[PDB]
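If you want the building blocks of each chain, they are given just below.
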Amino acid sequence: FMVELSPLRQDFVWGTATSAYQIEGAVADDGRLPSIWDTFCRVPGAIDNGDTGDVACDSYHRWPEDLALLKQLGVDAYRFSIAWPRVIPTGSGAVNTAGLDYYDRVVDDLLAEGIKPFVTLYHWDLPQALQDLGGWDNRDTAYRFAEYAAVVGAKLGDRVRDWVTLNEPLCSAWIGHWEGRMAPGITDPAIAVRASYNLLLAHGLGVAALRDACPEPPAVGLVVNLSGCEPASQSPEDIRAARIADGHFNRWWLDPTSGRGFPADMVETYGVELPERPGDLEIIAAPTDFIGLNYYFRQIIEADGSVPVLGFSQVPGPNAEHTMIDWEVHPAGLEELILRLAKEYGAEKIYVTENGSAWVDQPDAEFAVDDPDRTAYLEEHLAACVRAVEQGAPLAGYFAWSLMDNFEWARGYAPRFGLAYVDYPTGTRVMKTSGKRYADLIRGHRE
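Residues numbered from 1 in each chain as written, not as in the entry; some residues may be left out. Heavy atoms only, no water.

Structure determination for this entry is recorded as X-ray crystallography, at 2.07 Å resolution.

Novice: Can you lay out the sheet that holds strand β6 (residues 229-231) for me, pointing to particular residues and giving the numbers?
Specialist: The strand order across the open sheet built from 3 strands is β6-β8-β9, with neighbouring strands paired in mixed fashion. Each edge of the open sheet carries a strand with a single partner, namely β6 and β9 (312-315). Across this sheet, the average inter-strand angle for adjacent strands is 45°, counted without regard to direction. Across 3 bridges, β6 lies against strand β8 (residues 299-303) in parallel orientation. Within β8, the residue paired with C229 across the bridge is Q299. Helix-sheet contacts for helix α10 (residues 236-257) involve β6, β8 and β9, and the interaxial angle to β8 is about 125°. (Pairing = 2+ DSSP bridges. Helix = DSSP H or I, 4+ residues; strand = E, 2+ residues; numbered from the N terminus. Axes fitted to C-alpha atoms, helices over the stretch in contact; angles between N-to-C directions. Contact = heavy atoms within 4.5 Å.)

Novice: If you had to explain the environment of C57 to someone new, which residues and values would you point to?
Specialist: If you trace the backbone, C57 turns up in the loop between α2 (36-40) and α3 (59-73). For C57, a relative accessible area of 1% translates into the label buried. Considered as a pair, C57 and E168 are 111 residues apart in the sequence and their alpha carbons are 22 Å apart. Apart from residues lying up to four places away in sequence, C57 is in contact with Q22, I23, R62, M404, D405, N406, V422, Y424 and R429. (Buried < 20%, exposed > 50% of the residue type's maximum accessible area, 1.4 Å probe, protein only.)

Novice: I'd like a description of unusual backbone geometry, backed by residues and values.
Specialist: Note on backbone geometry: most residues besides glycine have negative phi, and most peptide bonds are trans. In this structure, the amide linkage connecting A183 to the following residue, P184, adopts the cis form with an omega of 5°. Residue position: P184 is located in the loop between α8 (169-179) and α9 (189-213). The omega torsion across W401 and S402 is 5°, close enough to zero to call that bond cis. With respect to the helices, strands and loops of the structure, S402 is situated in the loop between β11 (395-401) and β12 (420-423). With phi around 45°, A26 is a residue other than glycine that occupies positive phi space. With respect to the secondary-structure elements, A26 resides in the loop between α1 (20-23) and α2. Even without being a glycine, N49 presents a positive backbone phi close to 65°. You can see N49 is positioned in the loop between α2 and α3. Its relative accessible area of 65% is what places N49 among the exposed residues.

Novice: Explain the environment of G418 to me, and be specific about the residues and the numbers.
Specialist: Relative to the helices and strands, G418 resides in the loop between β11 and β12. A relative accessible area of 0% means that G418 is categorised as buried. Those residues within four positions of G418 in sequence are excluded, and the remaining contacts are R374, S402, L403, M404, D405, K432 and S434.

Novice: Which residues make up the sheet that holds strand β10 (residues 350-354), and what values go with them?
Specialist: Taken together, the 8 strands give a closed barrel; going around it, the order is β1-β2-β3-β4-β5-β7-β10-β11, and neighbouring strands pair in parallel fashion. For this sheet, the mean angle separating the axes of adjacent strands, direction not counted, is 25°. Bridge count for strand β7 (residues 291-294) against β10 is 4 bridges, and the pairing is parallel. By the bridge assignment, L293 is partnered in β10 with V352.

Novice: I'd like to hear about the side chain of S402, residue by residue, with values.
Specialist: Residue class for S402 comes out buried when judged on its relative accessible area of 0%. In this view, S402 contacts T16, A17, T18, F417, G418 and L419; residues no more than four positions away in its chain are not counted.

Novice: So what about the pattern of salt bridges? Which residues, and what values?
Specialist: Counted according to the given criterion, the structure contains 33 salt bridges. Two residues, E179 and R181, come together in a salt bridge whose shortest N-O distance is 2.1 Å. The class of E179 is partly exposed, set by a relative accessible area of 32%. We classify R181 as exposed; its relative accessible area is 54%. (Salt bridge = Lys/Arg side-chain N within 4 Å of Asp/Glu carboxyl O.)

Novice: Explain the nonpolar core to me, and be specific about the residues and the numbers.
Specialist: Membership of the largest hydrophobic core comes to 138 residues, with the highest contact counts inside it found for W37, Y122, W163, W174, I338, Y398 and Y438. The element best represented in this core is α9, accounting for 12 residues. One finds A17, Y296, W327 and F417 within the second-largest nonpolar core, a separate group that totals 11 residues. (Core = buried A, V, L, I, M, F, W, Y, C linked by side-chain atoms within 4.5 Å.)

Novice: Can you explain the layout of surface pockets? Please cite residues and give values.
Specialist: Empty pockets left among the atoms are what a rolling probe the size of a water molecule brings to light. The computed volume of the largest pocket comes to approximately 1,100 Å³. Forming the boundary of the largest pocket are 47 residues, of which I175, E179, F297, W327 and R411 lie nearest the centre. When contributions to the lining of the largest pocket are tallied by element, the ones reaching two or more residues are α8, α10, β8 and β9. When residues of the lining of the largest pocket are assigned to their parent elements, the largest contribution, 6 residues, is made by α8. Along the lines of polarity and charge, the residues of the lining of the largest pocket split into 26 nonpolar, 12 polar and 9 charged. If you add up the space inside the second largest pocket, you get close to 370 Å³. In this structure, the second largest pocket is lined by 19 residues; those nearest its centre are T257, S258, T288, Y345 and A347. Here the residues of the lining of the second largest pocket sort into 10 nonpolar, 5 polar and 4 charged. (1 Å grid on protein atoms, 1.4 Å probe; cavity = no way out; pocket = protein on both sides within 12 Å on 5 of 7 lines; lining within 4 Å. Points joined across faces, edges and corners; volume = space filled by probe spheres on them. Nonpolar A, V, L, I, M, F, W, Y, C, P; charged D, E, K, R; others polar.)

Novice: Give me α8: which residues, what numbers.
Specialist: Since the α-helix packs 3.6 residues into each turn, any two residues three or four apart lie on the same face. Of all 11 residues in α8, 10 are buried, a share of seventy percent or more. Taken as a whole, α8 has its buried residues at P169, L170, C171, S172, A173, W174, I175, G176, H177 and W178. Contacts made by the buried residues of α8 are with β3 (116-122), β4 (162-167), α9, β5 (219-225), α10 and α11 (264-270). Where α8 ends, the next residue or the one after it, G180, has phi of about 75°, a positive value.

Okay, here's the thing in structure tokens:
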């Protein structure tokens, strides 16, 4: 199968993405202080194989090698994140000049190569010092985030015009505070729900902060990882369970940011008093200029009385193709979600801000990798995007996760999502077949 991209407008944005803690390394260099992920990596058993982000791809010291990869791809845009603990290391007060200078230089270099920066402000690396004050269970943290946004926007917002506030708040809140499998490893539904609230508040405050501080008007949006939630059977119990999952994973985030309040069925399900103050809902619903869709899989949901509060469990998806981390391959789910955002939520501009897959790579002695399953996954999901556009969805661009192999959080380095292979001992980056195919597809679309 070879995807046909001609229905996409010529101003479609072709991109690829990383995040700071997953690639940068240099965790104690040039004024950086620890984030909650630094701390989580010191907990025995938290990260598969005991991996850490101490070095990762060393992109703090090897940024030009990333830029060479980006030039090889020929992308229009690069989505990367700013490390909060590199810029305001304690999360309050003093700005760390060297940290901010690094990102200033990254922005200049991208623009010199004709690549637009798409900057994520919060990609999970909360400064540990703010976690020592309660972290996302402390409303103050949202105001700290807004202060940070204003510092970054004032510095970079003459050149950066496209901003993401938070990446995947579901992950921070539910997996970081309910399941405990991500930093800070808390396992408490009431804290998790309150953290979800203060995260959404931080998003709205950050929108306002950017519009106030950027020297040129920003385009700002939230990034949410969405998953179609479908019942394992047509029993009434399974149908309602899948709908509760849809609230938990999708509507909890989409509804209040769209001005629809928090969904009543989920408020009732959680039974947690939201830490709400007058005017908060209008802040959370701050007007945005796009929505960022991260998509990897749908979820098949069954009713499950053994799961406290939620009462549902995910079961394996039925498609034959699954990635190395057992994520079902289902490109139709991407088309559907793009359309839902366009039709059910009236989104005026949608980016796919993450999509990609992890497979077992077999590098040769020079780290060349031929990865036909990763390539085919890319091609099928691009075809799903094309079909959503043919059906009227305002899809403005696509960002492949990821530019290169990197630290995949609690799974460590084992899942390689890169279009480029990374030999971690040397930092050597070598484009895989998938990356070369992506470059060929971009060039073909533009011709």
